[PDB]
C-alpha cells in the first residue's frame, strides 16, 4: 500500500551538496529526488564527475534513505539526436553514453529521455530519421549496461502522446525502452488522456505530475491548468500502476523553495487520496 513520491531536483535550492538536498527532501516527506542533467554546462559537468564525487552521491543516498532512481536528461534539447549538424548529434550521443555510465556508477534506475528530434532548429524528414537512428543506438548502449531509458511524453508534437511513444516501443522492441508519461504534457494537446494512460500500462515506469495549459508546459501553478489530476490518478490506480510519481516544478528560483514544494506536495497528495491512493 505504498506510493513512492518524489520531487524534481529543480524544485529545491540550487546548492550542489547532495547530502543536504536529500536531507531536505526527506524532511519534506519525499522518498526520492529526480536528478536533472539539463542544458547547463554546470549540470552537464556531473557526467564528468570523479569516482569520489560519484561515490559521495551513493553515500548520501544510502545515509539519508532518499533515492535518486531517475535522471531527467533534458540536455538533449541542446544536443538533440536528430540534429543535422553531425558535431551536435555526436555530442548528444556522447552525452547519452556518459549518462548511462553515470547511472551504472550511482545506481540510477531510469534515464528519462527527451523526445526532441530537434528543438532549436526546424524539424524535417532528416531530423526524424536521425532521431530514430540515434534512439536505436541509445537503446543498444542501454541494453549492454542494463539501464532503462524511458521516453517522456513531451511539450513537442513528435512525442506528445503515449501512442506516439508506443509507436517507438514497437519499432525498437527492446526491454530497456519504456514510457515515462508527464500527465501535464499529455493533457495540453488533443489527446484522449484517460485512454492513453490505460493504453501505456505495461510500459509505464514512472509518472511526472504537473499542471499545464495549451502552449504553456512550464510553471503553470497546480490547479490553474487543464489537468484532471484525480481522474488520471484513478485511471492509473485502477489499471494496476504501482510505480513512483514525481512532482515536476521549478521552485528553485522562489523566495522559499521548500515552502512552495510543501504546498504542492499537500495539493497533489490530496488528489491522490481522492482517487483511492
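Numbering follows the first chain given and starts at 1.
Worksheet item: Among the other PDB entries compared that flank it on both sides, is residue 191 unmodelled in a third or more?
Response: Yes, left without coordinates in at least a third.
Discussion item. I'd like to know whether residue 171, which is modelled here, goes unmodelled in a third or more of the other compared entries that cover its flanking residues.
Written reply: Looking at the other entries that model residues on either side of it, residue 171 is missing from at least a third.
Practice prompt. Tell me which of 265-273 and 251-259 has the higher mean C-alpha B-factor in the deposited entry.
Written response: The stretch with the larger average C-alpha B-factor is 251-259.
Worksheet item: Per the entry, where is the mean C-alpha temperature factor higher: 170-178 or 116-124?
Response: Between 116-124 and 170-178, it is 116-124 that shows the higher mean C-alpha B-factor.
Practice prompt. Check the PDB entry and point out which of 243, 214, 69, 240 has the largest C-alpha temperature factor.
Written response: Among 243, 214, 69, 240, the highest C-alpha B-factor in the entry belongs to 214.
Item to complete: Return the residue from 80, 202, 184, 107 that has the highest Cα B-factor in the entry.
Response: Within the set 80, 202, 184, 107, 80 shows the top C-alpha B-factor.
Worksheet item: Mind checking which third residue 149 falls in for C-alpha B-factor across the chain?
Response: Within its chain, residue 149 is a lowest-third residue by C-alpha B-factor, going by the deposited values.
Fill in: Ranked against its chain, the third holding the CA B-factor of residue 163
Answer is lowest: the recorded C-alpha B-factor places it there.
Worksheet entry | Chain thirds of CA B-factor: placement of residue 195 | Within its chain, residue 195 is a lowest-third residue by C-alpha B-factor, going by the deposited values.
Item to complete: Please place residue 93 in the lowest, middle or highest third of its chain by C-alpha B factor as given in the entry.
Response: Tercile = highest for this residue's CA B-factor.
Worksheet item: Among the chain's modelled residues, which third holds the C-alpha B-factor of residue 220?
Response: According to the entry, residue 220 has a C-alpha B-factor in the chain's highest third.
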